[PDB]
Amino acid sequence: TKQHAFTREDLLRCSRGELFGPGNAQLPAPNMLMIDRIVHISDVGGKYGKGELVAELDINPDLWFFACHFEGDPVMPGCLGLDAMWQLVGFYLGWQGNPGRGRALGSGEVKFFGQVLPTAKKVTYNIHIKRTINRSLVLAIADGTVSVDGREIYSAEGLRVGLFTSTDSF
């Protein structure tokens, strides 16, 4: 709960296991990392009063996914915008100080109603934590939106991420 904003280097340290410690939640490293910075994280406020993340990814034409997706028709894969939202819910669980490795467990409704072209400047993620559950397994449920240069393009309801300790097979 210590720090409310993170630079790219903080997130790279997170990807190495050196922010929350080994066996705790990690962001992916490049090229699966879909966040450059966390501008805001809190365990209060948001849509549901249970916390909020705001994160950014800078866009330039040379990001790896534009060349292979698709040849002659470059567009950020919707699945990687969705994954950024799972990455941020996983980061949230680690940031609260829960132990274990992050796995995406799924979502309710996902909608893609716009696209990220290689001419865009910035993707913004808004995550609203709905509920955390501290049963047998620790998990978070959230709603998220993806925006490009001010404009909402994706939504996900009921994003679920779970934490798996050293004894938890999956």
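Position 1 is the first residue in the sequence shown; the rest follow in order.
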Checking the other entries of this protein that model its neighbours, is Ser136 missing in at least a third? yes
Could you check the entry and say whether 155-163 or 15-23 has the higher mean CA B-factor? 15-23
Out of 25-33 and 131-139, which stretch has the higher average CA B-factor listed in the record? 131-139
Selection from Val39, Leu105, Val116, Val110 [criterion: highest C-alpha temperature factor in the record]: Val39
Where does the C-alpha B-factor of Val44 rank in its chain, lowest, middle or highest third? highest
Chain-wide C-alpha B factor ranking for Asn60, given as lowest, middle or highest third: highest
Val123: which third of its chain by C-alpha temperature factor? middle
Comparing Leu53 with the other modelled residues of its chain, is its CA B-factor in the lowest, middle or highest third? lowest
